[PDB]
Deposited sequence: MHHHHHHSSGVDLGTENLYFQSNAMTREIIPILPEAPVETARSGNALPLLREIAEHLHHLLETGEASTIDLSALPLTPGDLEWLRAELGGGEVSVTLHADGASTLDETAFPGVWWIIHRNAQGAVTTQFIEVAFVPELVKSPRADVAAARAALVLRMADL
């Protein structure tokens, strides 16, 4: 039912939280790195619990849910039909994917300026 791989997973998460706090460096754990059972991932999800912040990223669709441990985010990527393709744990103040990149923000401003000329 369970592989026992889920607990070294918790120690890794704790180490990543330490790293985040000391360096500000975020990290990700690819859950497909280990052969986890529906049981392992199921147990890990239950241990981590649910937080107060839920994010949807539209590509397919991803969900980035803060667990009950602030700074620990459960990430599920799904295809356009809803099938899960990959799952990760990200240790971060906010997942990097949520942030608007600088080049995109500059291009946003340009788009807006152009749009203003047609209104």
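Counting from residue 1 of the deposited sequence, the stretches lacking C-alpha coordinates in this chain are 1 to 40, 100.
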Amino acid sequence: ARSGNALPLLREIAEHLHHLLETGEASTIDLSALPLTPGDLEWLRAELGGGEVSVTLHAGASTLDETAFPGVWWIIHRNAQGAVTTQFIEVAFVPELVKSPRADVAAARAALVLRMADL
From here on, numbers count along this sequence of modelled residues.
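Looking at 22 to 30 and 63 to 71 together, the entry lists the larger mean B-factor for 22 to 30, computed on C-alpha atoms. Relative to its counterpart among 106 to 114 and 6 to 14, 6 to 14 has the higher mean temperature factor, C-alpha atoms as listed in the PDB entry. Of all the options 92, 76, 83, 41, the entry's greatest CA B-factor is assigned to 41. Split the chain's modelled residues into thirds by C-alpha temperature factor. Residue 57 is in the middle one.
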